[PDB]
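A quick note on method: Cβ atoms are made from the backbone with ideal geometry, for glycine too, and the neighbour counts reach across all protein chains shown. Bear in mind that the values in this text are calculations on the coordinates, not laboratory data.
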2 protein chains.
Amino acid sequence: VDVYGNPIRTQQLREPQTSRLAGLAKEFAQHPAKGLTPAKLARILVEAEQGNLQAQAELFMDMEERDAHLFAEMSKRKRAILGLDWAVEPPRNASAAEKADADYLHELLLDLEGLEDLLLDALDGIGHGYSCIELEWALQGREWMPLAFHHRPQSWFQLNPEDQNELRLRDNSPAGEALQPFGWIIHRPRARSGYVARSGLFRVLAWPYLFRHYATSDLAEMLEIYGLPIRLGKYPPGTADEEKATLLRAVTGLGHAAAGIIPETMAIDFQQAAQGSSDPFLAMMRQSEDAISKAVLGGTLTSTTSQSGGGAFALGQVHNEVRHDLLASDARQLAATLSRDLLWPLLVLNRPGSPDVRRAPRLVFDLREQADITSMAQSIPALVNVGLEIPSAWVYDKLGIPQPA
Amino acid sequence: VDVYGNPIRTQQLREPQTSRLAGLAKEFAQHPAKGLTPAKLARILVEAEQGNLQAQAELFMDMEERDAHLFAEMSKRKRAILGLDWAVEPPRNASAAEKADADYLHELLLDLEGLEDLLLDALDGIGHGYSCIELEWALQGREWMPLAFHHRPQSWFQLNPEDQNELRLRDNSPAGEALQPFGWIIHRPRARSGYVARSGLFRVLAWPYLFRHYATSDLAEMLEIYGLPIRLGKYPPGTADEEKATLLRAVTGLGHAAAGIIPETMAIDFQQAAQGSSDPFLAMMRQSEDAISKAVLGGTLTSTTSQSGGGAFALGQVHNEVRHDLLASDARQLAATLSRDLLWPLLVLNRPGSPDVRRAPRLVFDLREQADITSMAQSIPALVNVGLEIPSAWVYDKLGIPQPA
């Protein structure tokens with residue numbers, strides 16, 4: 001059975017759960033981000049907390065699509081994880097059988113195509129708060145294999161009315177449907193303590209995105225209004241409609257027309273419509289950019305060039321440690337969810353026996369940090385000449401040099 | 001059969017699929033970018049999401065043509081990949097037969113002309129979200145060969161009404177036509193999780209492009225209006241049409257005419273039409289430039305000179321790591337699509353047997369990063385004198401020095 005203990009029946013693995021819900025596949029996103037206002041966004045968040053995740057997911061998709069800075073930051077964060085080397089390792093002080101099972105799973109994963117896409121789809125849970133991937137199973141003789149990984153939009157799910165922390169499909173029923181065991185991979189990173197609805201990172205970044213959007217739109221309109229000054233023409237009583245239309249045409253053309261003539265009984269005035277500066281909008285956009293960068297990557301230097309020195313070394317150290325521990329946390333969570341959702345079904349479906357869930361293999365990402373080889377090379381001789389016995393295994397491990405074989 | 005398992009029939013390889021659709025070849029792009037407004041662009045995106053990819057593809061082509069900064073950034077990104085060395089490597093722990101097949105495919109690819117053009121055409125999927133290249137096959141005796149690679153405009157395809165993730169040709173039918181197996185190379189890089197329509201990078205960059213376009217056009221008009229001030233002439237009652245035309249001519253000429261005379265009963269006033277500055281437009285254009293650079297290359301220094309020091313080292317490290325992992329991701333995706341679409345048909349059509357799809361050869365790009373030879377040279381002697389056995393293979397591999405033969 002799965003790690004959660006739910007009974008597992010192999011009959012349902014032959015067909016995807018969503019196959020019987022063809023209505024979902026034909027849905028088109030409604031794009032709630034267009035014409036968004038603070039009241040509407042607050043309503044969206046409140047209704048999402050009560051189990052209406054569709055609008056929130058669509059809004060998050062639009063938000064990630066429409067913002068270039070948030071796009072770049074999220075892409076950087078995800079590509080940081082995508083570049084890490086991974087391996088499968090048996091349980092602690094494992095035996096020969098457990099070692100063989102771990103090696104077999106490692107072999108299975110190394111050639112498993114689409115793994116990079118699987119990781120990319122799973123990492124969307126950092127922003128959306130949860131990512132669901134459906135597994136398609138097939139039989140190549142006596143062994144079960146995941147034929148393909150299909151990421152499903154977050155708009156397809158909701159919350160259980162009796163459980164705020166449990167996700168369900170949308171099957172036109174108030175209670176939804178429970179997720180099929182051995183049929184989904186669910187990644188739910190925990191940046192904050194709380195329920196699934198409130199756990200998405202995009203919930204924090206929603207407000208700065210709206211601030212930037214409003215500032216940029218207002219700046220664009222103000223750019224549209226500069227240049228020609230607004231001017232108003234006056235006519236005396238007894239002017240006819242033909243002459244008034246002529247005056248309107250003349251006044252409209254005066255902006256691009258260098259000269260014009262009117263009767264002394266008429267008047268036209270110029271007003272300097274805009275008479276403004278863009279500095280407020282720029283400042284607000286910079287504030288939003290800095291907030292988003294700090295929230296996503298934990299720092300701001302990585303996105304913008306620092307125009308100062310002296311403290312650049314301490315800033316670099318802080319940034320490097322923040323990036324390192326953020327990456328470590330994300331990779332550990334991703335490895336945990338992968339080991340929970342993918343490795344266990346393979347182990348229990350392809351290999352004989354019923355191994356304890358306690359001794360199941362765990363996926364591990366390579367979080368080794370490059371060490372300065374020169375410093376170690378110069379330090380070792382003095383220590384060894386003193387008399388200290390430094391194990392060769394530790395030196396190999398820190399330096400990344402593989403053991404002789 | 002292909003990697004996707006679809007039955008493959010060699011009869012259809014003799015003619016291109018599009019050959020029977022001569023109407024497509026005669027089509028001319030409609031250039032939707034001219035006279036573009038935010039409402040029109042939003043409509044274009046919305047209709048593209050529903051399966052109307054023609055307008056979106058034409059808009060993306062116009063956008064890449066009309067913007068010099070986006071042009072340069074995309075060219076830099078693609079030429080980064082074009083310069084990487086590549087080789088074909090057999091499956092893991094391969095046998096003699098698999099090694100021979102991989103070597104034969106390597107030989108076939110090395111002399112295969114047009115490979116650089118094939119990579120260039122495939123890399124357009126980064127911006128457009130998908131690039132389709134049609135294969136022309138021929139028989140030189142007993143072996144099949146790709147005679148030529150023909151890139152087709154993205155405006156020729158659409159989405160399956162019953163599948164938002166499946167592409168089809170435009171054959172004047174509502175459902176289109178399914179892509180012929182063994183006849184196309186499809187590259188669909190995945191920057192974000194989502195459907196094919198929303199996966200294009202240009203969708204993110206569309207808005208900053210429009211912002212820059214509007215700012216530059218308004219700045220150009222404002223430049224046109226500076227200089228001569230707008231002036232308005234007045235005449236008293238009883239002025240004749242000849243005299244009014246004369247007054248209009250005089251007022252029009254006063255800008256470039258240093259002097260003029262009019263009756264004391266007439267008046268002319270000067271207004272200082274523009275009385276403005278270009279700073280708002282410059283600031284908006286800089287914002288758009290920075291956004292595009294960050295979205296494309298992950299940084300801004302590579303496109304503009306940094307006017308500060310101190311932190312230049314940390315900024316350079318961040319930029320180098322961002323470029324490295326971005327290039328690695330792009331190259332890995334390109335190699336995956338190439339191995340899926342080009343290597344497998346050659347293996348199954350030119351060589352005997354039916355090798356497992358699991359053991360198929362995979363194209364690999366050279367992602368080795370140059371290591372400082374001096375540091376390694378100075379570090380090795382101390383480590384070896386301590387007693388550590390560092391394999392010569394690892395040193396050769398990191399330093400790029402080939403094995404002795």
**Prompt:** Which residue fluctuates the most in chain B, going by a Gaussian network model with Cα springs under 10 Å, if the choices are B:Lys76, B:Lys234, B:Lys99?
**Reply:** B:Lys234
**Request:** Please work out the Cα center distance from the stretch B:245-299 to the stretch A:104-128, rounded to the nearest Å.
**Result:** 58 Å
**Request:** List every residue whose amide H lies under 5 Å from the amide H of B:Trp184, counting only residues 5 or more places away in sequence or on a different chain, with H placed 1.01 Å from N in the peptide plane.
**Result:** B:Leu135
**Item:** Exam field: A:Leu147 pseudo-label spacings to other copies (7 Å along Cα-Cβ), nanometres
**Value:** 3.6
**Mean shadow area of the protein assembly as shown over all directions, Cα convex hull, nm²** = 48.0 nm²
**Asked** Using the Cα atoms of the stretch B:229-268 to build a convex hull, what is its mean projected area in square nanometres?
**Response** 2.8 nm²
**Item:** Distance violations [Cα-Cα > 29 Å] among B:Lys34/B:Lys294; B:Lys40/B:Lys294; A:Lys244/B:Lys40; A:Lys40/B:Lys40; B:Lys76/B:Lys99; B:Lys99/B:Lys398
**Value:** A:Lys244/B:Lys40; B:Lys76/B:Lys99
**Prompt:** Can you list, bin by bin at 20 Å, the percent of alpha carbon pairs in chain A, starting at 0?
**Reply:** 19, 40, 25, 11, 4, 0
**Asked** For A:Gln287 and A:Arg142 in one chain, what is 0.36 nm times their gap in residues minus the Cα-Cα distance, to one decimal in nm?
**Response** 46.3 nm
**Item:** Under Karplus coefficients 6.51, -1.76 and 1.60, residue-wise ³J(HN,Hα) of the stretch A:316-331 in Hz, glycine/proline x
**Value:** x, 4, 4, 4, 5, 5, 4, 4, 4, 6, 4, 4, 4, 4, 4, 5
**Request:** Calculate one ³J(HN,Hα) per residue across the stretch B:292-302 by plugging θ = phi - 60° into the Karplus curve 6.51 cos²θ - 1.76 cosθ + 1.60, and present them in order as whole Hz with x for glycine and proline.
**Result:** 5, 4, 4, 5, 7, 8, x, x, 10, 4, 4
**the stretch B:83-146, Cα convex hull volume normalised per residue, Å³** = 123 Å³
**Prompt:** Once phi is turned into ³J(HN,Hα) by the Karplus curve 6.51 cos²θ - 1.76 cosθ + 1.60 with θ = phi - 60°, what whole-Hz value does each residue of the stretch B:8-15 show in order, with x for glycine and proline?
**Reply:** 10, 10, 6, 5, 7, 5, 6, 10
**Asked** A:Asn6's amide H: which non-local residues (gap 5+, or another chain) put their own amide H closer than 5 Å, with H modeled 1.01 Å from N in plane and none for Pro or chain starts?
**Response** none
**Message:** Can you list residues from other chains, or at least 5 along the same chain, whose modelled amide H is less than 5 Å from the amide H of A:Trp86?
**Reply:** A:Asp366
**Label spacing, shortest first and in nm, from A:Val318 to its equivalents in the remaining copies (7 angstrom along Cα→Cβ)** = 1.3
**Item:** Estimated Rh, the stretch A:141-202: Kirkwood, alpha-carbon pairs, angstrom
**Value:** 13.7 Å
**Request:** Would you mind ranking B:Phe28, B:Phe211 so that the residue whose beta carbon has the fewest other beta carbons within 10 Å leads the list?
**Result:** B:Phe28, B:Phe211
**Request:** Find the centroid of the Cα atoms in the stretch A:197-229 and in the stretch A:6-74, then give the distance between the two in whole Å.
**Result:** 22 Å
**Request:** Please give the average number of partner chain Cβ atoms lying within 10 Å of the Cβ of each residue in B:383-391, rounded to a whole number.
**Result:** 5
**Complete:** Over chain B, the sum of -39500 (n - 2.57) across DSSP H runs of at least four, divided by residue number and rounded to 500 deg cm²/dmol, gives at 222 nm -14500 deg cm²/dmol
**Fill in**
Expressed to one decimal in nm², the mean projection of the alpha carbon convex hull of the stretch B:256-331 is 9.9 nm²
**Prompt:** For chains A and B related by rotation, which residue of A has the Cβ nearest the axis, and what is the rounded distance in Å?
**Reply:** A:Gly309, 11
**Prompt:** Given springs between every Cα pair under 10 Å in a Gaussian network model of chain B, which of B:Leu210, B:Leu232, B:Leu112 has the largest fluctuation?
**Reply:** B:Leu232
**Message:** Give the average, rounded to an integer, of partner chain Cβ atoms located within 10 angstrom of each Cβ in A:372-379.
**Reply:** 5
**Request:** Using only the Cα atoms of the stretch B:287-405, each taken as one equal point scatterer with no solvent, compute I(q) by the Debye sum, divide by I(0), and report log10 of the ratio at q = 0.13, 0.23 Å⁻¹.
**Result:** -0.87, -1.23
**Complete:** The percentage of Cα-Cα pairs in the stretch B:55-175 separated by more than 18 Å is 67 percent
**Prompt:** Using only the Cα atoms of the stretch B:105-212, what do you get for the radius of gyration and for Dmax, in Å?
**Reply:** 16.3, 57
**Request:** Shielding by partners for B:212-225, please: the mean number of other protein chain Cβ atoms within 10 Å of each residue's Cβ.
**Result:** 2
**Request:** Please go through the stretch A:250-355 and write out the trypsin sites (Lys or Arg not before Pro) that DSSP classes as loop and that have at most 12 other C-beta atoms within 10 Å.
**Result:** none
**Fill in**
Taking every alpha carbon pair in the stretch B:1-52 and sorting the distances into 5 angstrom bins from 0 up to the bin holding the longest one, the percent per bin comes out as 4, 13, 12, 13, 12, 13, 12, 10, 7, 3
**Message:** Using a Cα-Cα cut-off of under 18 Å, which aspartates and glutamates could be cross-linked to B:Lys78, ignoring same-chain neighbours fewer than 8 residues away?
**Reply:** B:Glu64, B:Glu65, B:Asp67, B:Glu116, B:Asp117, B:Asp121, B:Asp124, B:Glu321, B:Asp325, B:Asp330, B:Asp366
**Asked** What residue among B:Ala55, B:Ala33, B:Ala22 has the largest mean-square fluctuation in a Gaussian network model of chain B, using Cα springs under 10 Å?
**Response** B:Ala22
**Asked** At A:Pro391, label 7 Å along Cα→Cβ: distances to the other copies, nm, ascending?
**Response** 2.1
**Message:** What does the charge count around A:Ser95 come to, taking other residues whose C-beta lies under 15 Å from its C-beta (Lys +1, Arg +1, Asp -1, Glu -1)?
**Reply:** 0
**Request:** Write out the chymotrypsin sites (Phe, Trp or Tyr not before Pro) in the stretch B:217-320 meeting two conditions: DSSP loop, and at most 16 other Cβ atoms within 10 Å of their Cβ.
**Result:** B:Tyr226
**Item:** Taking N as its residue count, the alpha carbon Rg of the stretch A:245-292 over 2.2 N^0.38 Å
**Value:** 2.06
